[PDB]
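What follows is a set of notes on a single structure, which appears directly below.
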Amino acid sequence: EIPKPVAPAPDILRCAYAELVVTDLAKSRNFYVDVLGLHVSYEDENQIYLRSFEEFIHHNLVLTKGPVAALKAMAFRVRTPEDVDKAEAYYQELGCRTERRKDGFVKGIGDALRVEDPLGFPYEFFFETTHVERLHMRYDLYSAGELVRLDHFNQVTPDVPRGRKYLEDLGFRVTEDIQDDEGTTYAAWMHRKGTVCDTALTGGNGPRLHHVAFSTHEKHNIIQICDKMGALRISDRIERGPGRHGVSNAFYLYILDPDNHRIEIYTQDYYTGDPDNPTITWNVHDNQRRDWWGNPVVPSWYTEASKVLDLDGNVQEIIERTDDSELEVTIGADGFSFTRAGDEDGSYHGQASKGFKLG
Amino acid sequence: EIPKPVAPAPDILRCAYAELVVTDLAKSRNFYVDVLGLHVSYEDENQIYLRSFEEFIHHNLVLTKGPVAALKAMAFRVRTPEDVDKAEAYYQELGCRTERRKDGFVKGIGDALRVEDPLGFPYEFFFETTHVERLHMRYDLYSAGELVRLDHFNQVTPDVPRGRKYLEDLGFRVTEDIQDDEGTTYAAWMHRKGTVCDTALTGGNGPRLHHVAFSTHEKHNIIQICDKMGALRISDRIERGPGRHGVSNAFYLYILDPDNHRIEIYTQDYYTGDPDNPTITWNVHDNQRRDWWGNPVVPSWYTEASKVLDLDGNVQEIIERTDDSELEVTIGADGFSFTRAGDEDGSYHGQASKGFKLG
Amino acid sequence: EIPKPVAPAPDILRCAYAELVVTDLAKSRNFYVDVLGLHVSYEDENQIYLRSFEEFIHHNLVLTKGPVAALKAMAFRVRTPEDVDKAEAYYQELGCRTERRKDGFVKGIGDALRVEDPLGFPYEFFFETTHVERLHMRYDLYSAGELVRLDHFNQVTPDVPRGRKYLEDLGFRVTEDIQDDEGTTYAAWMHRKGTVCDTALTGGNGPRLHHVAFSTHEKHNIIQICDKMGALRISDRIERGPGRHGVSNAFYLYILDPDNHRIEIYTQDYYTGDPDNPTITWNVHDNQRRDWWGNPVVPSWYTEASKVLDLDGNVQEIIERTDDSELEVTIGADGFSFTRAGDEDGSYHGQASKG
Amino acid sequence: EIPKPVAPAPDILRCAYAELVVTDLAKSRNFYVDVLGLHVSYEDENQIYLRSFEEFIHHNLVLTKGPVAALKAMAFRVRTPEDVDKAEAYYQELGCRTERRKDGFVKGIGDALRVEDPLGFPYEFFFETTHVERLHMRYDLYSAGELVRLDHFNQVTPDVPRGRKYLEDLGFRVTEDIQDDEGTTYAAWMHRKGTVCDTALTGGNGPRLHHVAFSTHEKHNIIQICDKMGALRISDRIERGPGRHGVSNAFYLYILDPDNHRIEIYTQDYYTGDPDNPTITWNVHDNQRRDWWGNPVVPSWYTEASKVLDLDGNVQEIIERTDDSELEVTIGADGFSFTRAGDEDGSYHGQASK
Ligand SMILES: [Ca+2]
Ligand SMILES: [Cl-]
Ligand SMILES: [Cl-]
Ligand SMILES: [Cl-]
Ligand SMILES: [Cl-]
Ligand SMILES: [Fe+2]
Ligand SMILES: [Fe+2]
Ligand SMILES: [Fe+2]
Ligand SMILES: [Fe+2]
């Protein structure tokens with residue numbers, strides 16, 4: 001269990017960017033720029049720096065060429081320069097490996113701290129960043145599938161309560177979670193910026209990065225991403241969706257980049273900024289908790305996720321989840337889910353909803 | 001093969017309404033009025049007459065209480081009173097049983113002809129109908145999920161080419177179809193009114209009624225239907241979707257009424273009214289043909305459909321399809337689909353797409 | 001009155017394309033292709049052939065460079081090759097000038113008949129056309145403002161009843177109109193393809209072309225055209241809208257091309273294909289008849305319209321409307337409009353709505 | 001100037017509700033419930049309490065029957081119970097009239113402070129509120145025009161700089177404003193919750209309440225409100241729009257309730273939560289600043305606004321703006337605007353646009 005430091009937590013504003021390692025920079029560029037329409041802030045033979053339509057900081061995504069595709073850093077902006085020092089003192093008191101660079105780890109970020117956090121995740125904290133042209137009224141550039149904001153990260157970790165307590169001490173507040181009647185926690189969402197989440201924990205073998213999520217303005221923007229992927233004859237890279245989430249109430253889609261990094265496209269969750277924001281707990285067997293329309297969750301969504309790196313750029317070793325598996329207890333041969341609690345009609349036993357079993 | 005009559009075909013305008021027999025009238029009313037928001041033109045203890053938002057004829061759907069749920073009639077409006085005479089002559093020459101009622105079979109329809117057509121389907125032809133208030137600008141009534149039009153029927157019949165030729169002689173033109181490279185036709189869509197279809201043929205055991213389709217204005221209206229079904233905790237009645245079709249290019253959803261009658265909600269197909277409108281043929285193994293995004297087609301979609309009645313009100317005997325089954329050749333044990341023709345990557349062998357197998 | 005021929009009317013399917021004369025081919029290209037996202041079927045130094053996202057015929061719009069900006073032809077497609085024969089006999093019986101070309105007037109159209117119709121408009125009738133790739137599922141090309149179909153034309157003509165009867169004899173059915181309680185007709189809409197219109201008559205000095213209309217799938221696609229025009233700092237080419245029409249019930253926008261040819265963007269009208277489709281009549285003083293939300297109609301919308309050419313490429317002389325003017329009776333100095341019939345509250349006297 | 005108190009500012013979360021006095025409660029209920037679809041949290045013969053689709057606090061709007069239509073209180077939720085004490089000490093130091101009710105002024109609110117603020121506006125600060133069913137997934141109730149969140153207030157005040165500095169001291173940050181080259185400020189928008197605003201200042205005679213704004217999910221929801229008003233033959237109560245704002249980038253509509261209280265419907269502004277969020281200044285003569293599509297702003301939008309009440313429930317006397325008028329410099333007889341700066345083509349002189 002992770003103790004609460006005596007040192008004050010840094011004041012975290014929001015998720016700000018991820019740095020993903022990618023194996024073929026040109027094919028990743030085709031996906032993020034040509035298919036998804038993200039905006040280039042800088043690029044060279046080694047890296048592509050990308051931002052969403054409404055962003056003013058330098059980037060939301062950095063694609064770094066390297067030998068092994070993986071999450072290199074998930075970065076949170078903090079409220080003041082001094083909060084970077086606070087983060088350093090906090091993680092040092094946790095006994096975590098830290099690395100400070102006064103001039104940043106990536107272009108367009110200044111003074112920055114990277115840490116191997118207690119769950120094995122590479123986090124960055126920074127304040128200083130190079131401001132760029134905010135493209136939010138550049139409707140001459142606007143795509144039918146325009147990605148407007150970075151919304152959140154989602155992390156796979158074997159012990160959700162242990163992770164949750166740690167993120168609570170860091171100032172994140174839980175908005176929604178998924179549990180069962182026998183006291184197991186399968187997932188939790190938690191926030192700083194007043195949306196449903198900034199980062200989220202998914203119970204599973206880890207550390208691994210489940211996804212990075214971008215917003216659109218409207219639902220039709222997400223439908224267009226699907227339609228465009230069908231036109232490009234890359235519908236096999238649509239993993240799951242589109243749907244309505246139970247948890248978050250957002251309209252969603254999950255797609256896969258060329259190195260199998262999962263991207264969620266997301267819109268229209270709700271305000272969580274009040275400090276007594278009501279938490280919402282879903283039962284793991286509730287077949288409307290993940291897709292509100294009861295569509296089945298593809299098993300890859302539960303099993304696959306990206307490697308993460310340590311601060312030397314080596315892959316973090318995986319620790320196996322010992323708590324019950326969400327896949328197994330819902331859609332596996334011994335699983336079940338319901339539409340109405342207590343009702344056998346519209347319940348599924350040993351298979352997924354809507355007439356499928358696991359492939 | 002069904003011979004082309006010497007008598008001229010009636011001039012058919014469009015699909016106009018269906019009469020469905022339902023077992024529990026109040027339950028069916030709850031589905032079509034309270035859930036789906038159709039507008040009541042008349043009701044009593046035995047029948048409910050319903051219309052869409054933009055209709056000016058009396059009704060698009062009649063629900064009739066009876067002991068065995070079934071399609072009782074699928075009704076087409078014809079251009080002139082004299083076309084009802086033409087229909088009668090045409091079907092008599094085809095050797096079909098016909099019944100003519102000067103004052104209609106249902107309220108709000110006048111002179112009408114019902115026939116047992118050569119595929120065993122109960123068709124009605126009429127011109128005369130009581131006009132009602134067209135609600136197309138009654139935005140004080142407009143629901144977030146509003147059904148604006150009746151769009152089409154879809155019929156299950158064992159021999160698609162045989163039915164297709166008959167419908168072409170009756171003046172329907174095929175807009176799209178699904179075939180393989182071995183001479184088999186699995187489905188065809190055909191129209192009079194200048195949309196992708198007024199009726200359609202789906203290969204399988206029949207006669208059965210696959211579905212009735214209603215349109216919305218926008219994609220978000222279909223999303224709202226799903227969202228409402230979730231809120232009402234009847235997401236188990238969402239069979240398939242929502243999705244983008246390959247065939248038709250429409251956004252779509254399939255739901256199931258209380259007697260398992262299938263209803264499609266549909267929007268934004270394209271204009272077919274030119275007489276040389278290009279006919280689109282999709283290969284049965286193309287995994288974007290039914291769902292453009294590659295989502296799997298649930299097996300119930302292929303296997304389940306509604307009984308149809310003869311003119312005496314008895315269920316028509318089902319004739320088994322002997323041609324290859326779309327289910328079997330795509331998602332069955334010896335099935336195959338592709339995302340990209342000739343590419344093994346994104347292809348599926350003996351299972352469905354997106355990680356699923358047949359339950 | 002224009003007499004009804006003995007000769008059978010051609011079977012007309014739909015409005016199919018317009019040929020517009022433009023003065024600067026590059027500026028017009030920039031409008032129609034870069035701003036509006038229409039798709040190029042063919043172009044050379046003299047002409048650009050454009051189509052909408054869902055079209056399979058060769059084009060919906062031909063831009064032709066010339067000295068005087070004008071409508072050169074409004075073309076309708078007919079059901080069969082023999083319908084072009086029918087059209088020719090029909091207009092000859094009306095004593096109209098016709099010209100027939102077995103290989104088309106423009107690329108991608110085969111046997112075609114052009115006429116100076118009894119209202120002074122250049123109609124084309126054709127069947128044969130070169131099929132192209134239908135781009136209806138090319139979502140890799142789809143724009144946030146995508147124009148998906150050609151929907152209709154709208155014509156300015158001084159005597160609407162006279163024009164109406166002629167179009168009815170040709171097989172068009174009136175769907176909606178605007179009249180007053182004094183026997184005047186101000187506008188009418190009429191159709192072949194089963195939407196609210198294929199062509200429409202606006203009462204005014206004419207012959208002039210009021211607009212050409214293109215459809216989008218959704219209302220947000222029209223919003224995006226406005227948003228883009230703001231970003232391009234060309235919001236002054238937004239004439240009117242966006243709005244909901246009373247007449248047609250469609251969501252709409254009117255914008256102006258570089259030669260002031262007016263383009264409507266339109267979506268979500270209703271099905272008119274039944275032969276007893278109920279005709280809807282609006283009173284001219286009903287302030288919800290043109291914009292359902294009661295937004296005022298700018299005077300330029302009533303006064304400005306494009307010249308049309310005769311078959312020699314010369315401008316048609318404009319004949320003055322003597323019937324009452326829609327502008328004058330609604331928003332002129334002695335104009336009137338109401339929100340609720342018989343209610344003084346929400347009525348406007350001698351001025352337009354909303355202040 | 002309004003001096004900065006030494007006492008700490010209350011930590012304000014967001015705009016939370018407005019209490020509007022209405023003269024005919026049944027007519028007002030018809031507008032807010034039957035036309036606009038707000039959800040009833042409580043009602044009796046004297047008041048109706050209403051909330052938006054995604055709200056969990058007791059209400060976002062209280063309609064109170066009374067003799068004179070006016071804003072009675074604009075209420076902000078604060079972060080903790082002790083922030084109500086800080087608010088009291090803060091306004092007391094400012095020299096303002098205050099009133100504290102430990103059991104609230106309206107149902108469903110607990111310990112609350114109302115103040116006559118330095119600009120003459122009745123502000124309320126509270127933490128405690130009765131939680132209700134959050135209806136955010138009640139799609140069985142969802143209307144085609146659904147109002148999903150209370151978004152902000154907009155105040156008319158004569159001296160925008162004076163009010164801006166006061167609100168900045170209270171922790172609001174300016175996100176956008178409208179100025180001219182001669183140094184006049186005509187309006188400013190400022191936030192606590194990380195949208196473009198929680199309250200906004202419009203230059204004019206005041207104190208008056210310009211509008212209260214509610215959000216929808218999508219732009220079609222706003223279109224529907226207009227369409228419904230047409231069907232109900234009350235299109236005369238659509239004042240301005242629908243449009244795209246320059247300021248805020250939001251899609252918008254303005255409508256008038258039965259007492260002429262102005263309601264904005266609003267969607268899809270942008271994130272402002274970072275402390276160095278770039279502030280955007282528009283020139284008053286830019287015809288895309290208010291409606292991005294260059295549609296003209298009707299004069300009523302500039303000249304009409306709601307009375308506000310003092311703590312005794314009497315109407316606050318109005319102080320006339322002495323700075324230049326946005327109406328006069330853009331659409332009045334000596335006014336002008338441009339589409340492109342420096343370009344006479346697309347410019348308007350002594351008239352509005354279009
Ligand atoms: Ca084969
Ligand atoms: Cl999920
Ligand atoms: Cl399908
Ligand atoms: Cl109009
Ligand atoms: Cl504004
Ligand atoms: Fe997520
Ligand atoms: Fe269908
Ligand atoms: Fe038009
Ligand atoms: Fe506002």
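By convention here, the chains of the structure tokens are called A, B, ... in the order presented, each chain's residues are numbered starting at 1, and ligands are numbered starting at 1 in the order presented.
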
Set the cut-off to 9 Å, count only C-alpha atoms and all ligand atoms, and list whatever residues fall near ligand 5 as JSON, numbers by chain. {"D": [244, 245, 246, 247, 248, 252, 289, 290, 291, 297, 301]}

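Applying a distance limit of 7 Å to only C-alpha atoms, the residues of chain C near chain D read residues 226, 227, 230, 233, 235, 236, 239, 292, 293, 294, 298, 339, 340, 346, 354 and 355 of chain C.
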
Dump N, CA and C atoms for the selected residues as a compact mmCIF listing (two decimals), in the first residue's frame?
```txt
# COMPACT_ATOMS: atom_id res chain seq x y z
N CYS C 226 -21.06 28.21 -43.00
CA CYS C 226 -21.00 29.53 -42.39
C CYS C 226 -19.75 29.75 -41.57
N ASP C 227 -19.41 28.76 -40.75
CA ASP C 227 -18.21 28.85 -39.92
C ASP C 227 -16.93 29.00 -40.72
N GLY C 230 -16.70 32.53 -42.19
CA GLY C 230 -16.13 33.39 -41.17
C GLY C 230 -14.62 33.24 -41.04
N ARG C 233 -12.80 34.89 -43.55
CA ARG C 233 -13.12 36.30 -43.52
C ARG C 233 -13.85 36.75 -44.80
N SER C 235 -17.46 36.47 -44.65
CA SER C 235 -18.80 36.37 -44.09
C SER C 235 -19.75 37.34 -44.75
N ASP C 236 -19.18 38.35 -45.41
CA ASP C 236 -19.98 39.26 -46.23
C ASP C 236 -20.59 38.61 -47.49
N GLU C 239 -25.46 35.81 -47.48
CA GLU C 239 -26.52 36.79 -47.74
C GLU C 239 -27.61 36.71 -46.69
N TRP C 292 -38.95 30.43 -40.65
CA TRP C 292 -39.89 29.91 -39.66
C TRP C 292 -39.68 30.54 -38.29
N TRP C 293 -38.46 30.99 -38.06
CA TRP C 293 -38.08 31.63 -36.79
C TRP C 293 -38.35 33.14 -36.79
N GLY C 294 -38.86 33.65 -37.90
CA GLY C 294 -39.30 35.01 -37.99
C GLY C 294 -38.16 35.97 -38.28
N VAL C 298 -33.62 39.99 -45.88
CA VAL C 298 -32.95 41.19 -46.41
C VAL C 298 -33.44 41.54 -47.80
N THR C 339 -46.85 37.59 -36.67
CA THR C 339 -46.40 36.34 -36.11
C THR C 339 -47.62 35.41 -35.92
N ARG C 340 -48.68 35.93 -35.32
CA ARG C 340 -49.94 35.20 -35.18
C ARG C 340 -51.02 35.96 -35.90
N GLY C 346 -46.46 41.21 -31.85
CA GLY C 346 -45.58 40.44 -32.73
C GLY C 346 -45.82 40.70 -34.21
N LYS C 354 -37.85 41.78 -35.90
CA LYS C 354 -36.68 41.75 -35.04
C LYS C 354 -35.85 43.06 -35.15
N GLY C 355 -36.51 44.22 -35.02
CA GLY C 355 -35.86 45.48 -34.59
C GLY C 355 -35.24 46.30 -35.69
```

Any idea what the distance is between CA of residue 300 in chain C and CA of residue 51 in chain C?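 Result for CA of residue 300 in chain C versus CA of residue 51 in chain C: 28.0 Å, one decimal.
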
Contacts with ligand 4 at most 8 Å, only C-alpha atoms and all ligand atoms counted, listed as a list in words: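 My answer, listing the contacting residues, is residues 245, 246, 247, 289, 290, 291 and 297 of chain C.
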
Could you write out the selected residues, including N, CA, C and O atoms, as a PDB file, in the first residue's frame?
```pdb
ATOM      1  N   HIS C 245     -36.789  27.163 -43.211  1.00  0.00           N
ATOM      2  CA  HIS C 245     -37.848  27.712 -44.048  1.00  0.00           C
ATOM      3  C   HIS C 245     -39.214  27.372 -43.441  1.00  0.00           C
ATOM      4  O   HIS C 245     -39.384  26.316 -42.790  1.00  0.00           O
ATOM      5  N   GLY C 246     -40.194  28.253 -43.647  1.00  0.00           N
ATOM      6  CA  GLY C 246     -41.573  27.834 -43.552  1.00  0.00           C
ATOM      7  C   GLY C 246     -41.914  26.966 -44.745  1.00  0.00           C
ATOM      8  O   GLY C 246     -42.094  25.762 -44.630  1.00  0.00           O
ATOM      9  N   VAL C 247     -42.031  27.610 -45.896  1.00  0.00           N
ATOM     10  CA  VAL C 247     -42.188  26.912 -47.147  1.00  0.00           C
ATOM     11  C   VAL C 247     -41.048  25.897 -47.316  1.00  0.00           C
ATOM     12  O   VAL C 247     -39.904  26.280 -47.323  1.00  0.00           O
ATOM     13  N   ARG C 289     -43.345  32.410 -42.894  1.00  0.00           N
ATOM     14  CA  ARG C 289     -43.462  31.686 -44.159  1.00  0.00           C
ATOM     15  C   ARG C 289     -42.093  31.441 -44.877  1.00  0.00           C
ATOM     16  O   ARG C 289     -41.909  30.403 -45.482  1.00  0.00           O
ATOM     17  N   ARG C 290     -41.141  32.368 -44.770  1.00  0.00           N
ATOM     18  CA  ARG C 290     -39.858  32.223 -45.422  1.00  0.00           C
ATOM     19  C   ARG C 290     -38.768  31.807 -44.455  1.00  0.00           C
ATOM     20  O   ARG C 290     -38.038  30.883 -44.743  1.00  0.00           O
ATOM     21  N   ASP C 291     -38.698  32.482 -43.312  1.00  0.00           N
ATOM     22  CA  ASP C 291     -37.933  32.002 -42.156  1.00  0.00           C
ATOM     23  C   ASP C 291     -38.906  31.689 -41.031  1.00  0.00           C
ATOM     24  O   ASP C 291     -39.611  32.559 -40.560  1.00  0.00           O
ATOM     25  N   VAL C 297     -36.164  38.985 -43.847  1.00  0.00           N
ATOM     26  CA  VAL C 297     -35.582  38.684 -45.154  1.00  0.00           C
ATOM     27  C   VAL C 297     -34.939  39.974 -45.703  1.00  0.00           C
ATOM     28  O   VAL C 297     -35.640  40.961 -45.965  1.00  0.00           O
TER      29      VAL C 297
END
```

Residues at most 8 Å from ligand 9, using only C-alpha atoms and all ligand atoms? Could they come as a ChimeraX atom specification? /D:152-154,200,211-213,264,266

Hey, can you spit out that residue selection with N, CA and C atoms as a short mmCIF file (atom, residue, chain, number, x, y, z; two decimals), in the first residue's frame?
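So again-v1.cif came out as:
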```
data_model
loop_
_atom_site.label_atom_id
_atom_site.label_comp_id
_atom_site.auth_asym_id
_atom_site.auth_seq_id
_atom_site.Cartn_x
_atom_site.Cartn_y
_atom_site.Cartn_z
N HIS D 152 -23.70 30.31 -17.54
CA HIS D 152 -23.18 31.56 -17.00
C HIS D 152 -24.23 32.61 -16.85
N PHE D 153 -23.82 33.72 -16.22
CA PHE D 153 -24.64 34.95 -16.15
C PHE D 153 -23.95 36.03 -16.99
N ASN D 154 -24.71 37.06 -17.37
CA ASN D 154 -24.15 38.20 -18.03
C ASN D 154 -24.84 39.45 -17.47
N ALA D 200 -20.12 37.50 -16.88
CA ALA D 200 -19.60 38.33 -17.96
C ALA D 200 -20.14 39.73 -17.71
N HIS D 211 -28.48 38.42 -19.29
CA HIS D 211 -29.08 37.13 -19.53
C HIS D 211 -28.54 36.10 -18.60
N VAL D 212 -29.27 35.00 -18.54
CA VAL D 212 -28.77 33.74 -17.98
C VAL D 212 -28.61 32.75 -19.14
N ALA D 213 -27.51 31.99 -19.13
CA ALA D 213 -27.22 31.06 -20.19
C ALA D 213 -27.22 29.62 -19.73
N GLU D 264 -30.03 32.89 -22.82
CA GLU D 264 -29.14 32.41 -23.88
C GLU D 264 -29.10 30.90 -23.84
N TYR D 266 -26.67 27.87 -25.49
CA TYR D 266 -25.25 27.98 -25.74
C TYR D 266 -24.68 26.59 -25.89
#
```

Find the residues in chain C near chain B: any atom within 8 Å counts, using only C-alpha atoms. Write them as a PyMOL selection string. chain C and resi 13+54+56+79+136-137+193-194+217-218+249+268+270-271+273-275+277-278

With a distance cut-off of 9 Å and only C-alpha atoms, select the neighbouring residues of range 281-286 of chain C, excluding the residue or stretch itself and same-chain residues fewer than 3 positions from it, and output the selection as a PyMOL selection string. chain C and resi 175-181+185-186+246-247+289-290+294+326+329-330+335-341

Residues of chain B near chain D: apply a cut-off of 12 Å, count only C-alpha atoms, and supply the list as a count of residues only. 33

Using only C-alpha atoms, the shortest atom-to-atom distance to residue 178 in chain A among A:288, A:216, A:205, A:130 belongs to A:288

Residues within 9 Å of ligand 8, counting only C-alpha atoms and all ligand atoms: report them as a compact mmCIF listing (two decimals) with N, CA and C atoms, in the first residue's frame.
```
# COMPACT_ATOMS: atom_id res chain seq x y z
N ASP C 151 -30.35 19.99 -55.71
CA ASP C 151 -31.76 19.86 -55.30
C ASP C 151 -32.75 20.57 -56.25
N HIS C 152 -32.51 21.84 -56.55
CA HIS C 152 -33.50 22.64 -57.31
C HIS C 152 -32.95 23.89 -57.89
N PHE C 153 -33.73 24.48 -58.81
CA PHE C 153 -33.54 25.84 -59.31
C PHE C 153 -34.68 26.73 -58.76
N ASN C 154 -34.46 28.05 -58.74
CA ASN C 154 -35.53 28.98 -58.44
C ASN C 154 -35.42 30.15 -59.43
N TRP C 189 -43.74 26.67 -55.62
CA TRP C 189 -42.74 25.63 -55.71
C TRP C 189 -43.34 24.42 -56.39
N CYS C 197 -39.27 20.77 -54.36
CA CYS C 197 -39.15 21.26 -55.70
C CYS C 197 -37.97 20.81 -56.53
N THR C 199 -38.00 23.01 -59.71
CA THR C 199 -37.89 24.41 -59.95
C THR C 199 -39.00 25.17 -59.23
N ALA C 200 -38.78 26.46 -59.07
CA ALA C 200 -39.66 27.30 -58.26
C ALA C 200 -39.75 28.63 -58.96
N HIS C 210 -32.97 33.06 -59.70
CA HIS C 210 -32.84 33.46 -58.34
C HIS C 210 -31.70 32.73 -57.64
N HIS C 211 -31.73 31.42 -57.73
CA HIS C 211 -30.67 30.60 -57.16
C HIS C 211 -30.65 29.20 -57.69
N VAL C 212 -29.55 28.52 -57.39
CA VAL C 212 -29.41 27.11 -57.55
C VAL C 212 -29.22 26.53 -56.17
N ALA C 213 -29.85 25.40 -55.87
CA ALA C 213 -29.75 24.87 -54.54
C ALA C 213 -29.07 23.51 -54.54
N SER C 248 -41.39 24.63 -47.45
CA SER C 248 -40.42 23.48 -47.63
C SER C 248 -40.01 22.84 -46.33
N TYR C 252 -31.72 25.95 -44.28
CA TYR C 252 -31.21 26.65 -45.45
C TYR C 252 -30.16 27.68 -45.14
N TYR C 254 -28.28 31.01 -47.79
CA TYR C 254 -28.00 31.63 -49.12
C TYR C 254 -26.67 32.37 -49.08
N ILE C 263 -26.35 30.88 -54.38
CA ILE C 263 -26.43 29.46 -54.13
C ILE C 263 -27.15 29.25 -52.80
N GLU C 264 -28.16 28.40 -52.81
CA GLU C 264 -28.80 27.96 -51.55
C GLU C 264 -28.16 26.63 -51.14
N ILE C 265 -27.95 26.45 -49.84
CA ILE C 265 -27.64 25.17 -49.28
C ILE C 265 -28.84 24.75 -48.45
N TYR C 266 -29.27 23.50 -48.55
CA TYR C 266 -30.61 23.07 -48.21
C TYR C 266 -30.56 21.68 -47.60
```

Taking only C-alpha atoms into account, find every residue of chain A that has an atom no more than 6 Å from chain B, and write it out as a PyMOL selection string. chain A and resi 230+235-236+292-294+346+355-359

Output file for the selection above: C-alpha atoms, as an mmCIF file, in the first residue's frame:
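Written out: part-v1.cif:
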```cif
data_model
loop_
_atom_site.group_PDB
_atom_site.id
_atom_site.type_symbol
_atom_site.label_atom_id
_atom_site.label_comp_id
_atom_site.auth_asym_id
_atom_site.auth_seq_id
_atom_site.Cartn_x
_atom_site.Cartn_y
_atom_site.Cartn_z
ATOM 1 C CA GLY A 230 -14.293 2.179 -44.004
ATOM 2 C CA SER A 235 -12.164 -0.976 -40.860
ATOM 3 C CA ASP A 236 -10.146 -3.780 -39.208
ATOM 4 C CA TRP A 292 -25.126 1.518 -22.569
ATOM 5 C CA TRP A 293 -26.850 -0.166 -25.529
ATOM 6 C CA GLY A 294 -25.640 -3.550 -24.345
ATOM 7 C CA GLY A 346 -31.958 -10.248 -21.361
ATOM 8 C CA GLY A 355 -25.606 -13.632 -29.751
ATOM 9 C CA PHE A 356 -21.792 -13.860 -29.838
ATOM 10 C CA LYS A 357 -19.344 -16.013 -27.918
ATOM 11 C CA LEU A 358 -15.594 -15.356 -27.581
ATOM 12 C CA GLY A 359 -13.624 -15.983 -30.790
#
```

Name all residues at most 7 Å from range 61-74 of chain A (count only C-alpha atoms; drop same-chain ones fewer than 6 positions away) and give them as JSON, numbers by chain. {"A": [17, 18, 19, 20, 21, 22, 23, 24, 25, 46, 47, 48, 49, 50, 51, 122, 123, 124, 209, 259, 306, 307, 308, 309]}

May I have the residues within 9 Å of ligand 6, computed using only C-alpha atoms and all ligand atoms, as a ChimeraX atom specification? /A:151-154,189,197,199-200,210-213,248,252,254,263-266

Quick one: which chain B residues come within 12 Å of ligand 1, and what is the nearest atom pair for each with the distance in Å to one decimal, counting only C-alpha atoms and all ligand atoms, rows ordered by chain and ascending number, as a Markdown table?
```
| residue | atom | partner | partner_atom_place_in_ligand_line | distance |
| --- | --- | --- | --- | --- |
| B:179 | CA | ligand 1 | 1 (Ca) | 9.5 |
| B:180 | CA | ligand 1 | 1 (Ca) | 5.8 |
| B:181 | CA | ligand 1 | 1 (Ca) | 5.0 |
| B:182 | CA | ligand 1 | 1 (Ca) | 5.4 |
| B:183 | CA | ligand 1 | 1 (Ca) | 8.8 |
| B:184 | CA | ligand 1 | 1 (Ca) | 9.1 |
| B:185 | CA | ligand 1 | 1 (Ca) | 11.8 |
| B:283 | CA | ligand 1 | 1 (Ca) | 9.3 |
| B:284 | CA | ligand 1 | 1 (Ca) | 8.9 |
| B:285 | CA | ligand 1 | 1 (Ca) | 8.4 |
| B:286 | CA | ligand 1 | 1 (Ca) | 11.6 |
| B:324 | CA | ligand 1 | 1 (Ca) | 10.6 |
| B:326 | CA | ligand 1 | 1 (Ca) | 11.8 |
| B:329 | CA | ligand 1 | 1 (Ca) | 8.9 |
| B:330 | CA | ligand 1 | 1 (Ca) | 10.8 |
| B:334 | CA | ligand 1 | 1 (Ca) | 11.6 |
| B:335 | CA | ligand 1 | 1 (Ca) | 10.4 |
| B:336 | CA | ligand 1 | 1 (Ca) | 9.5 |
| B:337 | CA | ligand 1 | 1 (Ca) | 10.9 |
```

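The list of residues with at least one atom within 12 Å of residue 33 in chain D, based on only C-alpha atoms and without residues fewer than 4 positions apart in the same chain, reads residues 25, 26, 27, 28, 29, 37, 38, 39, 40, 41, 43, 48, 49, 50, 51, 52, 61, 63, 143, 145, 146, 147 and 257 of chain D.
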
When you look at residue 114 in chain B with a cut-off of 12 Å (counting only C-alpha atoms), what residues show up, excluding the ones that are within fewer than 4 positions of it in the same chain? I need them as a count of residues only. 34

Would you return as a ChimeraX atom specification the members of range 101-197 of chain A that DSSP assigns to strand (DSSP E) on this structure's backbone? /A:101,112-116,122-126,149-157,173-179,185-191
